[PDB]
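Report on the following structure.
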6 protein chains.
Amino acid sequence: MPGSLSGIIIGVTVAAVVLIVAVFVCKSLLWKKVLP
Amino acid sequence: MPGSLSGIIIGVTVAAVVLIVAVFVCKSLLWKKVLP
Amino acid sequence: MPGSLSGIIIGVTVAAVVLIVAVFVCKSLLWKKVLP
Amino acid sequence: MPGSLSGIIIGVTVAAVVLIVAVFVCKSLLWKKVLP
Amino acid sequence: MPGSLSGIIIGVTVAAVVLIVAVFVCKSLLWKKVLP
Amino acid sequence: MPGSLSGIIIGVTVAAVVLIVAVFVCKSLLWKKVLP
């Protein structure tokens, strides 16, 4: 067990920033609006 | 010599798997009745 | 004894991930608007 | 010369937390009423 | 007792590359670029 | 040069993240549709 515990906690930071991009593109897709 | 540079290799994998899920969500929100 | 700064560094990174799941499950409760 | 590698690693963990708070205040402007 | 349970962590990266070729061959069936 | 088989395995891990972003930017080039 060298110190692999340092490796899992840095991976948690990367998971949060990518999820914010997924909801942002869905709004640009709905920004088309409805033309009556 | 503390730093645990070997730790980064598991972190890069996490960004790839979450991006594939966003493609399935685009199809779920497009599936809603039939357009004649 | 009245705190532990060591516990907090790992604690703040996971908190952001669980916070996104909290608003997402609350949105599922808006489905039940039709009786079988 | 003095480095700054200590600044970016602590910086990414706090950044994700403050970004989610920015979304809730933006909806205060979308608090517009609706007439059926 | 050297085990082999630790082996699964690196195994997750191999799952990402095989999914890219799988969706690409299935997409060609919706656009068969051949004239009769 | 005598072998160094330990060197090739990192190559498959990075291949996944660079390949998915590459096809996504190339799709935006088919957008166009602008009035003078």
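Counting neighbours? That spans all protein chains shown, and the Cβs are built from the backbone with ideal geometry, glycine included. Values quoted throughout were computed directly from the atomic coordinates according to the rules given, and no laboratory measurement underlies them.
Report, by residue number, each residue of segment F:16-33 that is part of a helix (DSSP H, G or I) and not hydroxyl-bearing (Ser, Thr, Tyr).
Within segment F:16-33, F:16, F:17, F:18, F:19, F:20, F:21, F:22, F:23, F:24, F:25, F:26, F:27 qualify.
Of all residues in segment A:9-36, which are within 19 Å of residue B:4 (Cβ to Cβ) and either among the hydroxyl-bearing types (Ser, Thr, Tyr) or loosely packed, with under 14 Cβ neighbours inside 10 Å (or both)?
Residue satisfying the conditions is A:13 alone.
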